[PDB]
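Source file: input20.txt. Holds: compact mmCIF, N, CA, C and O atoms.
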# COMPACT_ATOMS: atom_id res chain seq x y z
N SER L 2 17.70 -8.57 0.46
CA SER L 2 17.21 -8.59 -0.93
C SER L 2 18.22 -8.14 -2.00
O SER L 2 17.83 -7.57 -3.04
N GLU L 3 19.51 -8.40 -1.77
CA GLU L 3 20.55 -8.17 -2.77
C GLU L 3 20.31 -9.05 -4.00
O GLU L 3 20.52 -8.65 -5.18
N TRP L 4 19.86 -10.27 -3.72
CA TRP L 4 19.56 -11.23 -4.76
C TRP L 4 18.56 -10.67 -5.78
O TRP L 4 18.56 -11.10 -6.93
N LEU L 5 17.78 -9.70 -5.43
CA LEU L 5 16.87 -9.18 -6.37
C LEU L 5 17.51 -8.28 -7.40
O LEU L 5 17.20 -8.38 -8.51
N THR L 6 18.41 -7.46 -6.99
CA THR L 6 19.20 -6.68 -7.89
C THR L 6 19.95 -7.53 -8.86
O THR L 6 20.04 -7.25 -9.99
N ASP L 7 20.49 -8.58 -8.33
CA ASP L 7 21.27 -9.51 -9.05
C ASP L 7 20.45 -10.25 -10.06
O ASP L 7 20.79 -10.28 -11.17
N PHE L 8 19.36 -10.85 -9.64
CA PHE L 8 18.41 -11.52 -10.53
C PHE L 8 17.93 -10.65 -11.70
O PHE L 8 17.85 -11.10 -12.85
N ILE L 9 17.61 -9.39 -11.41
CA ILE L 9 17.17 -8.49 -12.46
C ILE L 9 18.30 -8.18 -13.45
O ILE L 9 18.11 -8.21 -14.67
N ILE L 10 19.50 -7.91 -12.94
CA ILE L 10 20.60 -7.55 -13.82
C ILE L 10 21.03 -8.74 -14.70
O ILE L 10 21.22 -8.60 -15.92
N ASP L 11 21.16 -9.91 -14.07
CA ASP L 11 21.48 -11.13 -14.80
C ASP L 11 20.42 -11.45 -15.88
O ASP L 11 20.78 -11.78 -17.02
N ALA L 12 19.14 -11.32 -15.52
CA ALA L 12 18.04 -11.52 -16.49
C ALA L 12 18.15 -10.55 -17.65
O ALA L 12 17.98 -10.94 -18.81
N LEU L 13 18.40 -9.27 -17.35
CA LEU L 13 18.47 -8.28 -18.42
C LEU L 13 19.64 -8.56 -19.38
O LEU L 13 19.46 -8.68 -20.61
N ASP L 14 20.84 -8.69 -18.81
CA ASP L 14 22.01 -8.87 -19.66
C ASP L 14 22.08 -10.22 -20.37
O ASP L 14 22.74 -10.34 -21.39
N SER L 15 21.41 -11.24 -19.86
CA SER L 15 21.40 -12.53 -20.53
C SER L 15 20.63 -12.44 -21.86
O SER L 15 20.89 -13.22 -22.79
N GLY L 16 19.67 -11.55 -21.97
CA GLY L 16 18.83 -11.46 -23.11
C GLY L 16 17.86 -12.61 -23.30
O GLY L 16 17.38 -12.81 -24.34
N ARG L 17 17.61 -13.36 -22.26
CA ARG L 17 16.99 -14.61 -22.33
C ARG L 17 15.49 -14.62 -22.11
O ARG L 17 14.88 -15.56 -22.39
N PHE L 18 14.95 -13.57 -21.54
CA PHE L 18 13.60 -13.49 -21.09
C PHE L 18 12.81 -12.57 -21.95
O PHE L 18 13.20 -11.48 -22.17
N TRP L 19 11.72 -13.10 -22.46
CA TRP L 19 10.76 -12.38 -23.29
C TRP L 19 10.27 -11.09 -22.59
O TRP L 19 9.74 -11.14 -21.48
N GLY L 20 10.48 -9.95 -23.25
CA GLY L 20 10.03 -8.64 -22.76
C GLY L 20 10.92 -7.95 -21.73
O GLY L 20 10.56 -6.89 -21.18
N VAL L 21 12.09 -8.54 -21.47
CA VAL L 21 12.97 -8.08 -20.39
C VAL L 21 14.27 -7.54 -20.98
O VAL L 21 15.20 -8.30 -21.28
N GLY L 22 14.33 -6.21 -21.15
CA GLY L 22 15.52 -5.56 -21.69
C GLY L 22 15.74 -4.16 -21.16
O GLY L 22 14.88 -3.58 -20.46
N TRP L 23 16.92 -3.61 -21.46
CA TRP L 23 17.25 -2.24 -21.09
C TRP L 23 16.69 -1.30 -22.14
O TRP L 23 16.63 -1.65 -23.31
N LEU L 24 16.31 -0.10 -21.71
CA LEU L 24 15.95 0.97 -22.63
C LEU L 24 17.03 2.05 -22.53
O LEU L 24 17.32 2.76 -23.50
N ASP L 25 17.61 2.17 -21.34
CA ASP L 25 18.74 3.05 -21.10
C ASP L 25 19.67 2.38 -20.07
O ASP L 25 19.42 2.42 -18.85
N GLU L 26 20.75 1.77 -20.57
CA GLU L 26 21.68 1.05 -19.70
C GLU L 26 22.38 1.97 -18.69
O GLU L 26 22.62 1.58 -17.54
N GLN L 27 22.71 3.20 -19.11
CA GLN L 27 23.36 4.14 -18.21
C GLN L 27 22.40 4.60 -17.13
O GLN L 27 22.75 4.58 -15.96
N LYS L 28 21.18 5.00 -17.52
CA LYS L 28 20.19 5.42 -16.54
C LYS L 28 19.57 4.25 -15.78
O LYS L 28 18.76 4.45 -14.86
N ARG L 29 19.94 3.02 -16.15
CA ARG L 29 19.34 1.82 -15.56
C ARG L 29 17.81 1.73 -15.76
O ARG L 29 17.07 1.36 -14.85
N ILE L 30 17.33 2.05 -16.96
CA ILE L 30 15.90 1.94 -17.26
C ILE L 30 15.64 0.64 -18.01
O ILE L 30 16.24 0.38 -19.06
N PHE L 31 14.74 -0.19 -17.48
CA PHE L 31 14.53 -1.52 -18.05
C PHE L 31 13.04 -1.87 -18.15
O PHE L 31 12.19 -1.11 -17.70
N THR L 32 12.72 -3.02 -18.75
CA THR L 32 11.34 -3.46 -18.88
C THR L 32 11.09 -4.89 -18.35
O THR L 32 12.00 -5.73 -18.35
N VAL L 33 9.87 -5.13 -17.89
CA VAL L 33 9.37 -6.48 -17.57
C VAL L 33 8.01 -6.60 -18.27
O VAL L 33 7.43 -5.59 -18.63
N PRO L 34 7.50 -7.83 -18.51
CA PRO L 34 6.23 -7.82 -19.26
C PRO L 34 5.04 -7.28 -18.44
O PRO L 34 5.00 -7.46 -17.21
N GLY L 35 4.08 -6.64 -19.12
CA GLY L 35 2.86 -6.20 -18.46
C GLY L 35 1.93 -7.37 -18.18
O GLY L 35 2.10 -8.46 -18.75
N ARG L 36 0.96 -7.18 -17.28
CA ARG L 36 0.01 -8.26 -16.96
C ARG L 36 -0.87 -8.46 -18.17
O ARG L 36 -1.30 -9.58 -18.50
N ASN L 37 -1.04 -7.36 -18.86
CA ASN L 37 -2.15 -7.15 -19.75
C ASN L 37 -1.92 -7.56 -21.20
O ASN L 37 -2.39 -8.61 -21.61
N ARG L 38 -1.23 -6.76 -22.00
CA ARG L 38 -1.27 -6.96 -23.47
C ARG L 38 -0.25 -8.02 -23.93
O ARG L 38 0.87 -7.68 -24.35
N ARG L 39 -0.62 -9.29 -23.88
CA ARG L 39 0.40 -10.33 -24.02
C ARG L 39 0.64 -10.88 -25.44
O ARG L 39 -0.31 -11.04 -26.23
N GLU L 40 1.91 -11.12 -25.76
CA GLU L 40 2.30 -11.84 -26.98
C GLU L 40 2.84 -13.20 -26.57
O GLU L 40 3.56 -13.33 -25.56
N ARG L 41 2.51 -14.21 -27.38
CA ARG L 41 3.10 -15.52 -27.26
C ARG L 41 4.63 -15.43 -27.24
O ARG L 41 5.24 -14.62 -27.95
N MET L 42 5.25 -16.25 -26.40
CA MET L 42 6.70 -16.28 -26.25
C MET L 42 7.38 -17.07 -27.39
O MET L 42 7.00 -18.22 -27.66
N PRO L 43 8.37 -16.45 -28.06
CA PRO L 43 9.19 -17.12 -29.09
C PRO L 43 9.93 -18.35 -28.55
O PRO L 43 9.97 -18.55 -27.33
N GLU L 44 10.52 -19.14 -29.45
CA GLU L 44 11.23 -20.38 -29.08
C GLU L 44 12.43 -20.19 -28.14
O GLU L 44 12.58 -20.91 -27.14
N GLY L 45 13.29 -19.22 -28.46
CA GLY L 45 14.51 -19.01 -27.69
C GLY L 45 14.36 -18.53 -26.25
O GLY L 45 15.24 -18.76 -25.43
N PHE L 46 13.24 -17.87 -25.94
CA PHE L 46 13.09 -17.16 -24.67
C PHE L 46 12.43 -17.96 -23.53
O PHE L 46 11.68 -18.91 -23.79
N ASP L 47 12.69 -17.55 -22.29
CA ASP L 47 12.08 -18.16 -21.10
C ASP L 47 11.11 -17.20 -20.39
O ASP L 47 11.15 -15.98 -20.60
N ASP L 48 10.24 -17.76 -19.55
CA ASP L 48 9.25 -16.99 -18.81
C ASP L 48 9.90 -16.25 -17.62
O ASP L 48 10.35 -16.87 -16.65
N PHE L 49 9.93 -14.92 -17.68
CA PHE L 49 10.57 -14.12 -16.65
C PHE L 49 10.03 -14.34 -15.23
O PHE L 49 10.81 -14.54 -14.29
N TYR L 50 8.70 -14.29 -15.09
CA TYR L 50 8.07 -14.33 -13.77
C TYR L 50 8.10 -15.73 -13.16
O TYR L 50 8.24 -15.89 -11.94
N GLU L 51 7.98 -16.73 -14.01
CA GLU L 51 8.24 -18.11 -13.62
C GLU L 51 9.64 -18.23 -12.99
O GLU L 51 9.80 -18.66 -11.83
N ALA L 52 10.65 -17.82 -13.75
CA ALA L 52 12.03 -17.78 -13.25
C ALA L 52 12.17 -17.00 -11.91
O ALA L 52 12.93 -17.41 -11.01
N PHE L 53 11.44 -15.88 -11.80
CA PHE L 53 11.43 -15.06 -10.59
C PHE L 53 10.96 -15.83 -9.38
O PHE L 53 11.56 -15.73 -8.29
N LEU L 54 9.86 -16.55 -9.56
CA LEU L 54 9.27 -17.34 -8.50
C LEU L 54 10.22 -18.46 -8.07
O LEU L 54 10.41 -18.71 -6.85
N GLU L 55 10.83 -19.12 -9.06
CA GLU L 55 11.87 -20.12 -8.79
C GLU L 55 13.01 -19.54 -7.92
O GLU L 55 13.33 -20.07 -6.84
N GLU L 56 13.60 -18.45 -8.39
CA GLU L 56 14.62 -17.74 -7.64
C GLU L 56 14.17 -17.42 -6.20
O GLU L 56 14.97 -17.49 -5.26
N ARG L 57 12.89 -17.07 -6.04
CA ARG L 57 12.36 -16.80 -4.71
C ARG L 57 12.38 -18.06 -3.85
O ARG L 57 12.66 -17.98 -2.65
N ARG L 58 12.09 -19.22 -4.45
CA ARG L 58 12.22 -20.50 -3.73
C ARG L 58 13.65 -20.77 -3.28
O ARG L 58 13.89 -21.16 -2.12
N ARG L 59 14.60 -20.57 -4.20
CA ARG L 59 16.03 -20.66 -3.86
C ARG L 59 16.44 -19.87 -2.60
O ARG L 59 17.31 -20.31 -1.86
N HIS L 60 15.82 -18.73 -2.33
CA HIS L 60 16.15 -18.01 -1.10
C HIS L 60 15.16 -18.29 0.01
O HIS L 60 14.93 -17.44 0.88
N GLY L 61 14.56 -19.48 -0.01
CA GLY L 61 13.73 -19.93 1.09
C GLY L 61 12.49 -19.09 1.40
O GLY L 61 11.98 -19.12 2.52
N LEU L 62 12.01 -18.35 0.41
CA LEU L 62 10.80 -17.56 0.59
C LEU L 62 9.53 -18.42 0.46
O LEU L 62 9.49 -19.38 -0.33
N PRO L 63 8.50 -18.09 1.25
CA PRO L 63 7.25 -18.88 1.24
C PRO L 63 6.56 -18.78 -0.11
O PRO L 63 6.65 -17.72 -0.74
N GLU L 64 5.90 -19.85 -0.55
CA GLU L 64 5.12 -19.79 -1.79
C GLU L 64 4.13 -18.63 -1.74
O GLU L 64 3.58 -18.31 -0.68
N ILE L 65 3.91 -17.98 -2.89
CA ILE L 65 2.96 -16.88 -2.97
C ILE L 65 1.52 -17.41 -2.88
O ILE L 65 1.21 -18.51 -3.39
N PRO L 66 0.63 -16.66 -2.20
CA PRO L 66 -0.78 -17.03 -1.99
C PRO L 66 -1.46 -17.37 -3.31
O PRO L 66 -0.95 -16.95 -4.35
N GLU L 67 -2.59 -18.08 -3.28
CA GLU L 67 -3.29 -18.38 -4.53
C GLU L 67 -3.91 -17.12 -5.14
O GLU L 67 -4.28 -17.13 -6.32
N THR L 68 -4.04 -16.06 -4.34
CA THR L 68 -4.60 -14.80 -4.83
C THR L 68 -3.56 -13.91 -5.52
O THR L 68 -3.86 -12.78 -5.89
N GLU L 69 -2.34 -14.43 -5.70
CA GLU L 69 -1.24 -13.61 -6.21
C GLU L 69 -0.57 -14.21 -7.44
O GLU L 69 -0.64 -15.42 -7.68
N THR L 70 0.09 -13.36 -8.21
CA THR L 70 0.89 -13.83 -9.32
C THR L 70 2.32 -13.35 -9.14
O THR L 70 2.57 -12.37 -8.42
N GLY L 71 3.25 -14.05 -9.79
CA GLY L 71 4.63 -13.61 -9.87
C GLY L 71 4.77 -12.16 -10.27
O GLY L 71 5.64 -11.46 -9.72
N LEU L 72 3.95 -11.68 -11.21
CA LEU L 72 4.04 -10.29 -11.65
C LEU L 72 3.75 -9.31 -10.50
O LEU L 72 4.53 -8.34 -10.28
N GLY L 73 2.66 -9.56 -9.77
CA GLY L 73 2.28 -8.73 -8.63
C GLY L 73 3.39 -8.68 -7.59
O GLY L 73 3.85 -7.60 -7.15
N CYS L 74 3.83 -9.88 -7.21
CA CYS L 74 4.89 -10.07 -6.23
C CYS L 74 6.19 -9.37 -6.61
O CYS L 74 6.81 -8.68 -5.80
N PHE L 75 6.61 -9.56 -7.86
CA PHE L 75 7.77 -8.88 -8.37
C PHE L 75 7.66 -7.36 -8.18
O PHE L 75 8.61 -6.73 -7.65
N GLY L 76 6.54 -6.77 -8.59
CA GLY L 76 6.39 -5.32 -8.48
C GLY L 76 6.49 -4.85 -7.04
O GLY L 76 7.18 -3.87 -6.69
N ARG L 77 5.78 -5.59 -6.19
CA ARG L 77 5.69 -5.32 -4.76
C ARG L 77 7.04 -5.37 -4.08
O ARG L 77 7.37 -4.52 -3.25
N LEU L 78 7.82 -6.39 -4.42
CA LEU L 78 9.12 -6.61 -3.79
C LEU L 78 10.13 -5.58 -4.30
O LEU L 78 10.96 -5.09 -3.52
N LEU L 79 10.06 -5.24 -5.58
CA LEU L 79 10.83 -4.10 -6.07
C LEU L 79 10.53 -2.86 -5.24
O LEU L 79 11.43 -2.10 -4.88
N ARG L 80 9.25 -2.65 -4.92
CA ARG L 80 8.86 -1.45 -4.19
C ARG L 80 9.27 -1.43 -2.71
O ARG L 80 9.90 -0.48 -2.25
N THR L 81 8.91 -2.48 -1.97
CA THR L 81 9.22 -2.56 -0.55
C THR L 81 10.73 -2.60 -0.30
O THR L 81 11.20 -2.08 0.71
N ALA L 82 11.48 -3.10 -1.24
CA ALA L 82 12.91 -3.13 -1.11
C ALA L 82 13.57 -1.96 -1.70
O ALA L 82 14.74 -1.88 -1.67
N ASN L 83 12.78 -1.04 -2.21
CA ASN L 83 13.21 0.14 -2.91
C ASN L 83 14.37 -0.08 -3.83
O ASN L 83 15.39 0.52 -3.71
N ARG L 84 14.18 -0.97 -4.78
CA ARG L 84 15.23 -1.37 -5.66
C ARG L 84 14.99 -0.93 -7.07
O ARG L 84 15.82 -1.10 -7.89
N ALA L 85 13.85 -0.33 -7.30
CA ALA L 85 13.49 0.29 -8.58
C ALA L 85 12.17 1.00 -8.35
O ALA L 85 11.48 0.72 -7.38
N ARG L 86 11.81 1.93 -9.24
CA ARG L 86 10.56 2.67 -9.06
C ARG L 86 9.97 2.97 -10.43
O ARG L 86 10.64 2.77 -11.45
N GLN L 87 8.73 3.47 -10.47
CA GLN L 87 8.16 3.84 -11.77
C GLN L 87 7.76 5.32 -11.91
O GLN L 87 7.25 5.91 -10.98
N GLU L 88 8.02 5.90 -13.08
CA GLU L 88 7.51 7.22 -13.44
C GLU L 88 6.71 7.11 -14.71
O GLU L 88 6.91 6.19 -15.50
N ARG L 89 5.81 8.05 -14.95
CA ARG L 89 5.13 8.11 -16.23
C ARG L 89 6.18 8.39 -17.28
O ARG L 89 7.03 9.27 -17.10
N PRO L 90 6.16 7.61 -18.37
CA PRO L 90 5.16 6.54 -18.58
C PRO L 90 5.51 5.23 -17.86
O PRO L 90 6.69 4.84 -17.84
N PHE L 91 4.51 4.60 -17.25
CA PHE L 91 4.69 3.36 -16.50
C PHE L 91 4.85 2.21 -17.47
O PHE L 91 5.29 1.14 -17.08
N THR L 92 4.46 2.44 -18.72
CA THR L 92 4.49 1.40 -19.75
C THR L 92 5.04 1.89 -21.08
O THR L 92 5.13 3.09 -21.35
N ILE L 93 5.43 0.93 -21.91
CA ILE L 93 5.91 1.18 -23.26
C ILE L 93 5.51 -0.09 -24.01
O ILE L 93 5.25 -1.12 -23.38
N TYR L 94 5.44 -0.03 -25.34
CA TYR L 94 5.01 -1.20 -26.10
C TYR L 94 6.11 -1.72 -27.01
O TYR L 94 6.94 -0.95 -27.50
N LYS L 95 6.12 -3.03 -27.22
CA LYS L 95 6.93 -3.66 -28.26
C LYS L 95 5.96 -4.46 -29.13
O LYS L 95 5.55 -5.56 -28.77
N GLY L 96 5.58 -3.90 -30.26
CA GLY L 96 4.52 -4.49 -31.05
C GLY L 96 3.20 -4.45 -30.29
O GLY L 96 2.75 -3.39 -29.89
N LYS L 97 2.60 -5.62 -30.10
CA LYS L 97 1.33 -5.76 -29.39
C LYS L 97 1.54 -5.65 -27.87
O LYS L 97 0.68 -5.18 -27.11
N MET L 98 2.74 -6.07 -27.45
CA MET L 98 3.02 -6.36 -26.05
C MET L 98 3.18 -5.14 -25.14
O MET L 98 3.95 -4.22 -25.44
N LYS L 99 2.42 -5.12 -24.04
CA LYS L 99 2.66 -4.15 -22.98
C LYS L 99 3.89 -4.54 -22.15
O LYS L 99 3.99 -5.67 -21.64
N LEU L 100 4.82 -3.60 -22.03
CA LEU L 100 5.96 -3.71 -21.13
C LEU L 100 5.83 -2.70 -19.98
O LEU L 100 5.54 -1.53 -20.21
N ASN L 101 6.02 -3.16 -18.74
CA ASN L 101 6.14 -2.27 -17.59
C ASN L 101 7.56 -1.74 -17.50
O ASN L 101 8.55 -2.51 -17.51
N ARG L 102 7.64 -0.42 -17.40
CA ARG L 102 8.91 0.30 -17.49
C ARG L 102 9.38 0.69 -16.09
O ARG L 102 8.61 1.25 -15.29
N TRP L 103 10.64 0.38 -15.79
CA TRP L 103 11.16 0.59 -14.44
C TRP L 103 12.49 1.32 -14.42
O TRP L 103 13.29 1.24 -15.36
N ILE L 104 12.74 2.01 -13.30
CA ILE L 104 14.00 2.72 -13.10
C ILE L 104 14.68 2.20 -11.83
O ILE L 104 14.20 2.44 -10.72
N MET L 105 15.80 1.52 -11.95
CA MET L 105 16.44 0.98 -10.80
C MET L 105 16.94 2.09 -9.92
O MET L 105 17.25 3.14 -10.42
N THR L 106 17.03 1.87 -8.62
CA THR L 106 17.49 2.86 -7.65
C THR L 106 18.97 2.69 -7.26
O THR L 106 19.46 1.60 -6.98

Can you dump the structure from the file as structure tokens?
Amino acid sequence: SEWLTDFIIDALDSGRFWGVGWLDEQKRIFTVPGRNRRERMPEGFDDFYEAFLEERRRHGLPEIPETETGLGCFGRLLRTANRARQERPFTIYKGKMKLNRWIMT
């Protein structure tokens, strides 16, 4: 699961994904969108979790069950691979939008 570290870092530094940025580049603290408080995506940006699922196909991973979403899977894989973790606060807001806050390991 090296590709996951890579995918996250490339996504963050590209600035391309709605809700996906650093809060502390030195401490490696970053955000992904929350399931919950959603804002419509601007013109310039791409869907982070969509891209995540695509990347997962690229590494020959099985399609996620119909009971699952890219967001769930992303969190889970970050955890089982111990590649980032969460502390309170688990979330932060940008306007209306809930962001899930993470600390890379």

>> When DSSP is applied to the backbone of this structure, which of range 3-106 of chain L are assigned helix (DSSP H, G or I)? Write them out as a ChimeraX atom specification.
In response: /L:3-15,49-59,71-81

>> Please determine, counting only N, CA, C and O atoms, which residue among L:93, L:74, L:85, L:79 has the shortest atom-to-atom distance to residue 29 in chain L.
In response: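 Under the stated criterion, the closest residue is L:85.
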
> Distance CA of residue 37 in chain L-CA of residue 78 in chain L, one decimal place?
Replying inline: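 So the two atoms, CA of residue 37 in chain L and CA of residue 78 in chain L, lie 19.5 Å apart.
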
Skipping near chain neighbours, those fewer than 2 positions away, what residues fall within 6 Å of range 40-46 of chain L using all atoms listed in the file, listed as a compact mmCIF listing (two decimals) with N, CA, C and O atoms, in the frame of the given file?
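Okay, result_8.txt is ready:
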# COMPACT_ATOMS: atom_id res chain seq x y z
N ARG L 17 17.61 -13.36 -22.26
CA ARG L 17 16.99 -14.61 -22.33
C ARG L 17 15.49 -14.62 -22.11
O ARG L 17 14.88 -15.56 -22.39
N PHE L 18 14.95 -13.57 -21.54
CA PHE L 18 13.60 -13.49 -21.09
C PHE L 18 12.81 -12.57 -21.95
O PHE L 18 13.20 -11.48 -22.17
N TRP L 19 11.72 -13.10 -22.46
CA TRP L 19 10.76 -12.38 -23.29
C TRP L 19 10.27 -11.09 -22.59
O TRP L 19 9.74 -11.14 -21.48
N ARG L 38 -1.23 -6.76 -22.00
CA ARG L 38 -1.27 -6.96 -23.47
C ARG L 38 -0.25 -8.02 -23.93
O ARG L 38 0.87 -7.68 -24.35
N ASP L 48 10.24 -17.76 -19.55
CA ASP L 48 9.25 -16.99 -18.81
C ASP L 48 9.90 -16.25 -17.62
O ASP L 48 10.35 -16.87 -16.65
N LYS L 97 2.60 -5.62 -30.10
CA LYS L 97 1.33 -5.76 -29.39
C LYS L 97 1.54 -5.65 -27.87
O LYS L 97 0.68 -5.18 -27.11
N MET L 98 2.74 -6.07 -27.45
CA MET L 98 3.02 -6.36 -26.05
C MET L 98 3.18 -5.14 -25.14
O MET L 98 3.95 -4.22 -25.44

> Quick one: residues within 9 Å of residue 4 in chain L, only C-alpha atoms counted, chain neighbours fewer than 5 positions away excluded, as a count of residues only?
Replying inline: 3

> Hey, which of L:8, L:15, L:104, L:87 ends up closest to residue 54 in chain L? Count only C-alpha atoms.
Replying inline: L:8

> For residue 14 in chain L, which of L:88, L:47, L:26, L:69 is the closest residue, counting only C-alpha atoms?
Replying inline: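 With only C-alpha atoms as the atom set, the closest residue is L:26.
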
> Interatomic distance between atom C of residue 106 in chain L and atom N of residue 10 in chain L?
Replying inline: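 Separation of atom C of residue 106 in chain L and atom N of residue 10 in chain L: 12.0 Å.
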
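Across the model, the gap from atom O of residue 61 in chain L to CA of residue 32 in chain L is 26.5 Å.
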
Excluding residue 31 in chain L and residues on its chain fewer than 5 positions from it, collect all residues at most 9 Å away from it, counting only C-alpha atoms, and give them as a JSON list (two decimals) with N, CA, C and O atoms, in the coordinates of the input.
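part.json was written with the following content:
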[["chain", "number", "residue", "atom", "x", "y", "z"],
["L", 13, "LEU", "N", 18.40, -9.27, -17.35],
["L", 13, "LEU", "CA", 18.47, -8.28, -18.42],
["L", 13, "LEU", "C", 19.64, -8.56, -19.38],
["L", 13, "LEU", "O", 19.46, -8.68, -20.61],
["L", 21, "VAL", "N", 12.09, -8.54, -21.47],
["L", 21, "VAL", "CA", 12.97, -8.08, -20.39],
["L", 21, "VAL", "C", 14.27, -7.54, -20.98],
["L", 21, "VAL", "O", 15.20, -8.30, -21.28],
["L", 22, "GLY", "N", 14.33, -6.21, -21.15],
["L", 22, "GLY", "CA", 15.52, -5.56, -21.69],
["L", 22, "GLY", "C", 15.74, -4.16, -21.16],
["L", 22, "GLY", "O", 14.88, -3.58, -20.46],
["L", 23, "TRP", "N", 16.92, -3.61, -21.46],
["L", 23, "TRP", "CA", 17.25, -2.24, -21.09],
["L", 23, "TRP", "C", 16.69, -1.30, -22.14],
["L", 23, "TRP", "O", 16.63, -1.65, -23.31],
["L", 24, "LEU", "N", 16.31, -0.10, -21.71],
["L", 24, "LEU", "CA", 15.95, 0.97, -22.63],
["L", 24, "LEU", "C", 17.03, 2.05, -22.53],
["L", 24, "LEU", "O", 17.32, 2.76, -23.50],
["L", 25, "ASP", "N", 17.61, 2.17, -21.34],
["L", 25, "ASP", "CA", 18.74, 3.05, -21.10],
["L", 25, "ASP", "C", 19.67, 2.38, -20.07],
["L", 25, "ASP", "O", 19.42, 2.42, -18.85],
["L", 26, "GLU", "N", 20.75, 1.77, -20.57],
["L", 26, "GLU", "CA", 21.68, 1.05, -19.70],
["L", 26, "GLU", "C", 22.38, 1.97, -18.69],
["L", 26, "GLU", "O", 22.62, 1.58, -17.54],
["L", 101, "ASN", "N", 6.02, -3.16, -18.74],
["L", 101, "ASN", "CA", 6.14, -2.27, -17.59],
["L", 101, "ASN", "C", 7.56, -1.74, -17.50],
["L", 101, "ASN", "O", 8.55, -2.51, -17.51],
["L", 102, "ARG", "N", 7.64, -0.42, -17.40],
["L", 102, "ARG", "CA", 8.91, 0.30, -17.49],
["L", 102, "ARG", "C", 9.38, 0.69, -16.09],
["L", 102, "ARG", "O", 8.61, 1.25, -15.29],
["L", 103, "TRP", "N", 10.64, 0.38, -15.79],
["L", 103, "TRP", "CA", 11.16, 0.59, -14.44],
["L", 103, "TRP", "C", 12.49, 1.32, -14.42],
["L", 103, "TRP", "O", 13.29, 1.24, -15.36],
["L", 104, "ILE", "N", 12.74, 2.01, -13.30],
["L", 104, "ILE", "CA", 14.00, 2.72, -13.10],
["L", 104, "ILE", "C", 14.68, 2.20, -11.83],
["L", 104, "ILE", "O", 14.20, 2.44, -10.72],
["L", 105, "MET", "N", 15.80, 1.52, -11.95],
["L", 105, "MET", "CA", 16.44, 0.98, -10.80],
["L", 105, "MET", "C", 16.94, 2.09, -9.92],
["L", 105, "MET", "O", 17.25, 3.14, -10.42]]

> Using only C-alpha atoms, which of the listed residues (L:36, L:52, L:63, L:73) sits closest to residue 11 in chain L?
Replying inline: L:52

>> From the options L:6, L:39, L:51, L:28, which residue's atoms come nearest to residue 96 in chain L, counting only C-alpha atoms?
In response: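 Of L:6, L:39, L:51, L:28, the one nearest residue 96 in chain L, counting only C-alpha atoms, is L:39.
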
> Per DSSP on the backbone, what are the strand (DSSP E or B) residues of range 41-101 of chain L, as number ranges by chain?
Replying inline: L: 47, 85-86, 92-95, 98-101

>> From the options L:84, L:77, L:92, L:58, which residue's atoms come nearest to residue 5 in chain L, counting all atoms listed in the file?
In response: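 So, comparing all the options, the nearest one is L:84.
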